[PDB]
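1. below you'll find the sequence and an experimental structure to go with it.
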Amino acid sequence: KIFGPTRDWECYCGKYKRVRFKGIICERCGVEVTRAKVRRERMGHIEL
Amino acid sequence: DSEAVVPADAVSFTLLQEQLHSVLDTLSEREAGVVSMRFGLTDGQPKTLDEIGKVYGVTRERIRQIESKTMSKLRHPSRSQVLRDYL
Amino acid sequence: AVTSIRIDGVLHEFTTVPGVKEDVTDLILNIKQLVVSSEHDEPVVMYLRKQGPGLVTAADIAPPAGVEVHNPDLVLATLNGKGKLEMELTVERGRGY
Amino acid sequence: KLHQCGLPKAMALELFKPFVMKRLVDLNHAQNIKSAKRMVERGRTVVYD
Amino acid sequence: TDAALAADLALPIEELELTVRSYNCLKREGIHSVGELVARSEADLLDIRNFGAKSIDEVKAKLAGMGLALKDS
Amino acid sequence: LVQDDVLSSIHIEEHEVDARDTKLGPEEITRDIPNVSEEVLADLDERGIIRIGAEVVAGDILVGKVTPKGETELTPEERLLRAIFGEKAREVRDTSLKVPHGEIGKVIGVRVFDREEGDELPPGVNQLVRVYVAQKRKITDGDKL
Amino acid sequence: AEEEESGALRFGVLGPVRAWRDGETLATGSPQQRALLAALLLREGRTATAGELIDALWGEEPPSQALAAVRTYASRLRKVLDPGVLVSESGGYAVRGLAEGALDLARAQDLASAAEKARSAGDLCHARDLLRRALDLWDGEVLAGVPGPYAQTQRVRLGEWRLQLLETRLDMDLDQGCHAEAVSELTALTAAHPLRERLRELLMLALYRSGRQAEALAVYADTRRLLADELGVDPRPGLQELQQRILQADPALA
Amino acid sequence: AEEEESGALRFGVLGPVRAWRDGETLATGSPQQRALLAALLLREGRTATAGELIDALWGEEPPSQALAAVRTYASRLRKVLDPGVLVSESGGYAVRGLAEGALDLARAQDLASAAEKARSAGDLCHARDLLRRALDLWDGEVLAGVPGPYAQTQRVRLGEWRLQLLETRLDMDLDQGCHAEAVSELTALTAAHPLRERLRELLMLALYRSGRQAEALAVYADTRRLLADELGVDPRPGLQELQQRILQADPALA
Amino acid sequence: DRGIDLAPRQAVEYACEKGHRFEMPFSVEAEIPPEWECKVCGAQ
Amino acid sequence: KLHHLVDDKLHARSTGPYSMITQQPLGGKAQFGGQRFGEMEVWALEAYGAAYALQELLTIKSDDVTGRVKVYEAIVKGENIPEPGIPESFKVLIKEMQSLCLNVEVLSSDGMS
Ligand SMILES: [Zn+2]
């Protein structure tokens, strides 16, 4: 959800496997459908 | 890493796309049109034989007959070496 | 000179024949020293067969017509009591190496 | 000469492989790129030429 | 006119559009091109087995339709 | 020193592969390698083992192991190509053991271990195969004396 | 008449397509549903789908409502025939309940196989009797009044199958020495069908075994001039060998 | 009939979708249900995940919430088949308990391998019997009435395999000395499929020694005309070569 | 990525108790949930 | 006859396996790797003044994921070599520094990036 999907254009809950509706947010799990290389550039944070 | 893109694979994919467009242009215009929609080659969505029977206006019998004729024509060994190695 | 061989019971040159005191590669080395003459343009297959204890020599080979061994005293292998050696030597006519 | 070096066949094939496939398709020894790669991996004499 | 004669010689025997008898007779001997028949002299096709005068007349009318002639004719 | 076999040596190179039951399923050693010509698999046995004494080259097949499943996201172009040619119904990936580049030799010995037999194996794996390839390297350019 | 079992449903496709029930014909009706029934009958019990049946029977151009037409044809067949014979399977239709020997096609294949086995075993009389009883199952022209390209294809297939059955019966009758009817039937076949030259080769064998020589050479000249005029290719080496064996008076053939 | 043991559950994919439970039928059900059972049958007993089966039934656009649909299809299979013949692992579905001869496809590969082994050994009678048993396996069109482009893929694959199997059958029939049923089958198949070059080469080979030359080259000319009209190219060089050696009439291959 | 038409997207505004407002897209066919997290502070 | 043989010392690369943590090609004879282009190599190429050769050895032929595939495509198709991008290892450096609470931002002449 935070860093990005591990496959290409897939989401965590197993739905939205198709490439056509890219750039949308899944309702079940919130994972943006996009490339797997975005996990090389997306960071989060820890609140202390 | 298995997720790393292989340049040979991408070159093979784009050449497969170009050669598929070329062999589609090789066939007749109407046959190219009907095959472009059966597997939805033109767009991201394939279409059924009843779905294309309204815009073009033919029976299920005739549309599946010309479809199977296109598959048989592409199944001929002449138009195979351009695609057999492409798997 | 001999350019190809075949031994019954042997699938590659790195194994050993059951019943000879040295391995197959040493037999390859001994075959290379065997000098022959052949007037046939086509490859000619000789035959080598020896059974029982003894010492197989180049004279024990069986050459066809138009092929003869010229150094029959050359040692090839040594057979014990359980030695099986059937060998089809091919000779070809050529020059150089 | 002063400006020459001698590469082996395998080295020059693996270094210049994409150029070899491009020229093979240009010289139509193979029908397409995949067949050119197949010949290069197989290593026929036309590839060396 | 070099391109025209090259195209005429390069056409196969299927474009002749004539009877099966003469086509089978010429393909039996191994002839598969119009220029191959052109290079043949009169005695080359007058010695063909089961090749009557009707086949020769039909072939002559055919080539006359395409406008060319035989060798030394 | 080349024609008299003076300076030459036997070089036996060992490299193995094993079959394991992963999450998708267990890979098997077999004969029916997908999407390959029959001539490539001409020197295999029934259980997927290269014959003892089979001459091998770079890129050749030694033992035929098929990956039980890979992720299937077929493009419409590949879908219609599969419809044209017809593809085998089990979806398998060609991850069988092949000879590395620039290596030649004779298969001089094969060793097969099975989980179903009494032989011990590491956890997870089911079949383990070892293939020895031997070449008689002669002296040539670049050898160090 | 000895196999006329009570309650057995029999069908015939070697001639006009008809339905027989206990020796009584059934109202087949339209020739088009007859074509559909023959399409299901010619498979020797093998099933089919509706789509392939329509594509094979109705050519490239079916009308806009072919599915309702084939459905009502099959429904009419369901009234006229037994309900259990015609069954629905995955949207397709098939003929079931066919007993052994009821269909003329399956009986013809079985008798041909039995004749081949008897010929391999040396029983020539049993083989010729079996394939003469099988040849009596043909009711003239195959598929009378049956339209469609499929009808033409199986018409040609059954015609050449009958012709080759007659050819093998003819050659083993020549081997049996009964040339009197064989010569007349060979002449009738050559007059009817000038295309299958194995029949003329059997005619050469019959003429050589009969005794006359000059007429055989006249027939050879006629065959040669026809294969020169309409074909023009050289004669087969087997035909030339047979001709030179006839000319050399080989006592082995006589 | 000799392999009908007690407790045997026979499955069939080469013909339509059916189940034989010691001689009595089982209702395989919906066309999508038939496709699901066939897709489990083609995989010789994988645990195949739910998404893969969903793709196999429908392809690119399966309805979104139809995972429970495939669940209730699995329930249908479990209540119409044995409770233990179908077992689920990690959400995947798997049919086990399939003995030898239970699947006609496994028997088909077994018969093909046995025929290949007999051809390697040079035997003819046993190989002919094996392929005679193999040609009795298919019943009509394969995978009758099942949706899914996946099903189309194994349909065309099994059809092509059947084409090469009949090519081998006709080839050994020609080489062993069978011509009449050979030319009958070749004519029937070229009537069914007009654009196969290999079967027309087989036509040329069969008619070349059975006593038929004019219609063979007529069919060849028709093939050339259709191939020029639909493809506009030249046929394979092996064909022209086969027609060439035919023309000089070599008796070497007699 | 050539010739592919993206799904239509709608803008739905989410507001938290701390007053943070952010815009993120939803698919037209996708159901709109009234419950979501905050991009700034993670509040409801 | 030493064991430093020539039949195994030969090793060449066109496009093989790549490292995971950074997108440079990996190394090793058995793994189809690429020869390391060390620091003194870069010093020598600076000394020649050959900016383009050094720049492409550092960007085009390694660690540019949008560059290697495009260059392979351009070579096979026959067109000219495309312009290089930014090596992925520098982006790894930026992401590493940005996680040590160092506000590392790249700004161009007009503005930020
Ligand atoms: Zn999701």
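-> Great, that's in hand. Residues are numbered from 1 along each chain as shown, chains lettered A, B, ... in the order given.
2. OK, contacts around residue G:224?
-> Contact analysis of residue G:224 by CB atoms under 8 Å, 6 or more residues apart in numbering or on different chains lists residue G:235. Quick note: C-beta positions are derived from backbone N, CA and C, even for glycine.
3. what do you get for residue A:2?
-> Neighbour list for residue A:2: A:42, A:44 [criterion: CB under 8 Å, 6+ apart].
4. if you set the cut-off to 10 Å instead, what comes out?
-> Residue A:2 is in contact with A:30, A:31, A:39, A:42, A:43, A:44, A:45, counting by CB atoms under 10 Å, 6 or more residues apart in numbering or on different chains.
5. cool, and residue C:27?
-> By CB under 10 Å, 6+ apart, the contact list for residue C:27 reads C:5, C:7, C:10, C:13, C:16, C:17, C:20, C:56, C:76, C:77, C:85, C:87.
6. buried members of these into PyMOL, please.
-> Provided next is the PyMOL selection string for whichever of the contacts of residue C:27 are buried by 16 or more other CB atoms under 10 Å in any protein chain shown:
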select buried, chain C and resi 5+7+10+13+17+20+56+76+77+85+87
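7. between the contacts of residue A:2, which is nearest the ion?
-> Closest approach to the ion among the contacts of residue A:2 (CB to the ion): residue A:31, at 5.4 Å.
8. the closest residue in space to the closest one that isn't next to it in sequence: which element?
-> Leaving aside its sequence neighbours, residue A:31 sits nearest to residue A:11 (CB to CB, 6 or more residues apart in numbering or on different chains; 3.9 Å). Remark: residue A:11 resides in no helix or strand, with elements defined by DSSP states H and E.
9. what distance separates the start and the end of stretch B:20-37?
-> Terminal residues of stretch B:20-37 are spaced 14 Å apart (CA to CA, to the nearest Å).
10. what of stretch C:88-97?
-> Distance between the two ends of stretch C:88-97: 21 Å, counting by CA to CA.
11. any bit of that stretch sitting next to chain F?
-> Yes: using CB under 10 Å from any CB of the partner chain, we find that stretch C:88-97 touches chain F at C:96, C:97.
12. flag every residue of chain B that's near chain G.
-> For chain B, the contact set with chain G under CB under 10 Å from any CB comprises B:58, B:59, B:60, B:61, B:62, B:64, B:65, B:66, B:68, B:69.
13. any chance of a ChimeraX selection covering the buried ones in those?
-> Burial among these is assessed by 16+ other CB under 10 Å; the matching ChimeraX selection reads:
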select /B:58,59,60,61,62,64,65,66
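14. ok, residue F:23 - contacts?
-> With contact set as CB under 10 Å, 6+ apart, residue F:23 has these partners: F:68, F:69, H:90.
15. which stretch of helix or strand covers the closest residue to chain E within chain F?
-> As assessed by CB to the nearest CB, chain E sits closest to residue F:84 within chain F, at 28.4 Å. Assigned by DSSP H and E, residue F:84 belongs to helix F:76-85.
16. near chain I, anything from that helix?
-> No: taking CB under 10 Å from any CB as the criterion, helix F:76-85 and chain I are apart, separated by no less than 11.5 Å.
17. can you spell out which helices and strands pack onto that helix?
-> With contacts defined as 3 or more CB pairs under 10 Å, 6 or more residues apart in numbering or on different chains; DSSP states H and E, helix F:76-85 has these neighbours: helix B:7-26, helix B:29-38, helix B:60-75, helix B:81-84, helix H:149-176.
18. for chain F, what lies in contact range of chain C?
-> Those residues of chain F that sit near chain C, judged by CB under 10 Å from any CB, are F:2-5, F:10, F:12, F:51-55, F:105-109, F:132, F:134-136.
19. which of those count as buried?
-> Buried members of those, counted by 16+ other CB under 10 Å: F:52, F:53, F:54, F:105, F:106, F:107, F:108, F:109, F:132, F:134, F:135.
20. what residues are up against the first one?
-> It stands for residue F:52. If you count contacts by CB under 10 Å, 6+ apart, residue F:52 has them with C:11, C:12, C:14, C:15, F:45, F:106, F:107, F:108, F:109, F:110, F:131, F:132.
21. can you list these in CSV and add distance to chain A?
-> Listed next are the contacts of residue F:52 as CSV, based on distance: CB to the nearest CB, whole Å:
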residue, distance to chain A
C:11, 48
C:12, 47
C:14, 48
C:15, 50
F:45, 38
F:106, 44
F:107, 39
F:108, 44
F:109, 42
F:110, 38
F:131, 35
F:132, 40
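22. of all those, which two lie farthest apart?
-> Across the contacts of residue F:52, the longest distance by CB to CB is 19.1 Å; it joins C:14 and F:45.
23. of those two, who's got more company?
-> Neighbour count, other CB atoms under 10 Å in any protein chain shown: between residue C:14 and residue F:45, residue C:14 has more, with 22 against 14.
24. what's the closest non-adjacent residue to that one?
-> Counting by CB to CB, 6+ apart, the residue nearest residue C:14 is residue F:108, at 4.6 Å.
25. how about residue G:251, secondary structure?
-> Following DSSP: H, G, I helix; E, B strand; the rest coil, we place residue G:251 in the coil state.
26. look at it and say how many residues are nearby.
-> 6.
27. ditto for residue G:139
-> Considering only other CB under 10 Å, residue G:139 is surrounded by 15 other residues.
28. distance of residue B:46 from chain A?
-> In this view, residue B:46 and chain A are 12 Å apart by CB to the nearest CB, to the nearest Å.
29. likewise for residue G:38?
-> From residue G:38 across to chain A, the span is 48 Å (CB to the nearest CB).
30. that residue and residue G:154 touch, don't they?
-> Yes: Residue G:38 lies in contact with residue G:154 (CB atoms under 10 Å); the separation is 7.9 Å.
31. who has more neighbours, the two?
-> Using other CB under 10 Å, the more surrounded residue of residue G:38 and residue G:154 is residue G:38, with 25 against 22.
32. how close does that one get to residue H:50?
-> Here the criterion is CB to CB, to the nearest Å. By it, residue G:38 lies 46 Å from residue H:50.
33. and if you look at residue G:43?
-> As judged by CB to CB, residue G:43 and residue H:50 stand 38 Å apart.
34. residue E:51 now?
-> For residue E:51, the distance to residue H:50 equals 73 Å [CB to CB].
35. who has more neighbours, the two?
-> A direct count of neighbours by other CB under 10 Å for residue E:51 and residue H:50 places residue E:51 higher, at 20 against 17.
36. I'd assumed residue E:23 was in contact with that one.
-> No: counting by CB under 10 Å, residue E:51 stays clear of residue E:23, with 11.7 Å between them.
37. could you tell me which residues touch both of those two?
-> Taking CB under 10 Å, 6+ apart as the contact rule, residue E:51 and residue E:23 both touch E:59, G:232.
38. so which helix or strand takes in residue J:57?
-> Using DSSP H and E, residue J:57 falls in helix J:51-58.
39. any idea of the angle whichever helix or strand comes after that helix forms with helix J:51-58?
-> Next in sequence after helix J:51-58, counting helices and strands by DSSP H and E, comes helix J:65-77. Between helix J:65-77 and helix J:51-58, the angle formed by their directions is 110 degrees, by axes from the mean of the first three to the mean of the last three CA atoms, to 10 degrees.
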